[PDB]
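S.K.: build me a model from this:
(2 chains, ligands or ions: 3)
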Amino acid sequence: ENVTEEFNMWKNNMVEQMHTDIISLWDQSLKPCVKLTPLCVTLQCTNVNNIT
Amino acid sequence: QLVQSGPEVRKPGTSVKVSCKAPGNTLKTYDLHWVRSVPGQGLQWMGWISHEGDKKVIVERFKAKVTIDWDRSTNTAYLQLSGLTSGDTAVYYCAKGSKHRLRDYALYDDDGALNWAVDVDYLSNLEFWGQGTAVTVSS
Ligand SMILES: *[C@@H]1O[C@H](CO)[C@@H](O[C@@H]2O[C@H](CO)[C@@H](O[C@@H]3O[C@H](CO[C@H]4O[C@H](CO)[C@@H](O)[C@H](O)[C@@H]4O)[C@@H](O)[C@H](O[C@H]4O[C@H](CO)[C@@H](O)[C@H](O)[C@@H]4O[C@H]4O[C@H](CO)[C@@H](O)[C@H](O)[C@@H]4O)[C@@H]3O)[C@H](O)[C@H]2NC(C)=O)[C@H](O)[C@H]1NC(C)=O
Ligand SMILES: *[C@@H]1O[C@H](CO)[C@@H](O[C@@H]2O[C@H](CO)[C@@H](O[C@@H]3O[C@H](CO[C@H]4O[C@H](CO)[C@@H](O)[C@H](O)[C@@H]4O)[C@@H](O)[C@H](O[C@H]4O[C@H](CO)[C@@H](O)[C@H](O)[C@@H]4O)[C@@H]3O)[C@H](O)[C@H]2NC(C)=O)[C@H](O)[C@H]1NC(C)=O
Ligand SMILES: *[C@@H]1O[C@H](CO)[C@@H](O[C@@H]2O[C@H](CO)[C@@H](O)[C@H](O)[C@H]2NC(C)=O)[C@H](O)[C@H]1NC(C)=O
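M.R.: Numbering: from 1, shown residues only, chains lettered A, B, ... in the order given. Ligands and ions are numbered 1, 2, ... in the order given. You can find the structure just below:
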């Protein structure tokens, strides 16, 4: 009550901290995942069936 | 030069054997080929078994009745015929030549190794030929 505080969503650092967070978790999870490096090979490809 | 087994006569029905020998062991890196020469009908390619021992190609038209062996210890080429029909009455030549083992599609690995490679080999030439062995089949 009787409290006035200035706010600034654009200079707020919580968004920067949480963006850095999200990047960190994204980087963290896929690190113990299978590396798809043995797939970049020349693919022989043809047009696909019943399609629109 | 090369040496071949002497002329042979066979009753149709049984099998025949032909031996092609190099002088000593001077022709071991070169690959081995067998050819046939029906008079007035050109020449046919019986097959080959290479030199490292990793190929045994024999034309399917003669696959059933013809076998090609190589004895390393004596360095001797063996040609075995089974059907011995009238069409086999001709001259068989042993040839020593060279191939080109090119490397076609090969799957390198991520670390740089060689997982596998088809490395199909191409026939280059037949420098050395035997004196020719005549096989006569008469009924
Ligand atoms: C990077 O990767 C490439 C892949 O292409 C590689 O190039 C190739 O290397 C192989 C390995 O040597 C070469 O294979 C040899 O080719 C020669 C013919 O070369 C001539 O002709 C080609 C065109 O076809 C020219 O481009 C070239 O400049 C030459 O003029 C064949 O004659 C060789 O055959 C011998 O070896 C075979 C086994 O490898 C035997 O089966 C065969 O009977 C031949 O035997 C030879 O050795 C015997 C003793 O072992 C001897 O007794 C015989 O008399 C005979 O001399 C061989 O197949 C291939 O040509 C290269 N080029 C291509 C397009 O594939 C590079 O070398 C590589 N770079 C590196 C590793 O640094
Ligand atoms: C490591 O790498 C080395 C060379 O880099 C390999 O050594 C060669 O391996 C090949 C297999 O890819 C071997 O080739 C095979 O040899 C067999 C030996 O057969 C003997 O007996 C028959 C009668 O049953 C004889 O006719 C023959 O001349 C031999 O005396 C052959 O039977 C095989 O033939 C089959 O395959 C060919 C095509 O490959 C067909 O055309 C035939 O009809 C048949 O189906 C074949 O040729 C070769 O002998 C090996 N050489 C040496 C010096 O070892 C190693 O195998 C490799 N090792 C590993 C673990 O990768
Ligand atoms: C993609 O290509 C594969 C390889 O041809 C197709 O799989 C074959 O499909 C045919 C019918 O088109 C079947 O007879 C074969 O049994 C299938 N397997 C193999 C190993 O040939 C596959 O259907 C294609 N995908 C499509 C058309 O959507």
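
S.K.: from here on, just use CA atoms for contacts and neighbour counts.
M.R.: Will do.

S.K.: tally of neighbours for the closest residue to residue B:25 other than its chain neighbours?
M.R.: Nearest residue to residue B:25, sequence neighbours excluded (Cα to Cα, 6 or more residues apart in numbering or on different chains): residue B:75, at 6.4 Å. Using other Cα atoms under 10 Å in any protein chain shown, residue B:75 has 17 other residues around it.

S.K.: and what of the one 10 residues further on?
M.R.: Neighbour count of residue B:85, defined by other Cα under 10 Å: 17.

S.K.: same deal with residue A:10?
M.R.: Number of residues near residue A:10 (other Cα under 10 Å) recorded here: 8.

S.K.: how much space separates it from residue A:23?
M.R.: Between residue A:10 and residue A:23 the computed distance is 20 Å (Cα to Cα, to the nearest Å).

S.K.: what of residue A:30?
M.R.: According to Cα to Cα, residue A:30 and residue A:23 sit 11 Å apart.

S.K.: so what's the closest residue to ligand 1 within chain B bridging to?
M.R.: In chain B, the residue that lies nearest ligand 1 is residue B:101 (3.8 Å; Cα to the nearest ligand atom). Per DSSP bridges, the residues bridged to residue B:101 are residue B:121.

S.K.: isn't it up against residue B:121?
M.R.: Yes. In this structure residue B:101 lies within contact range of residue B:121 using Cα atoms under 8 Å: 3.9 Å.

S.K.: and the nearest residue to residue B:124 once chain neighbours are set aside, what element?
M.R.: With Cα to Cα, 6+ apart as the criterion, residue B:124 has its nearest non-adjacent residue at 4.6 Å, and that residue is residue B:99. Using DSSP states H and E, residue B:99 maps to strand B:90-101.

S.K.: need the next SSE after that strand, C-terminal direction.
M.R.: Taking DSSP H and E, what comes next after strand B:90-101 is strand B:106-108.

S.K.: contacts for the following helix or strand past that following strand, please.
M.R.: Scanning forward in sequence from strand B:106-108 by DSSP H and E, the next helix or strand is strand B:114-117. By Cα atoms under 8 Å, 6 or more residues apart in numbering or on different chains, the residues outside strand B:114-117 that reach it are B:103-109.

S.K.: paired strands for strand B:114-117, with orientation please.
M.R.: Here, using DSSP bridges, strand B:114-117 pairs with strand B:106-108 (antiparallel).

S.K.: does the strand it pairs with come close to ligand 1?
M.R.: No. Residues of strand B:106-108 contacting ligand 1 under Cα under 6 Å from any ligand atom: none, with a closest distance of 9.4 Å.
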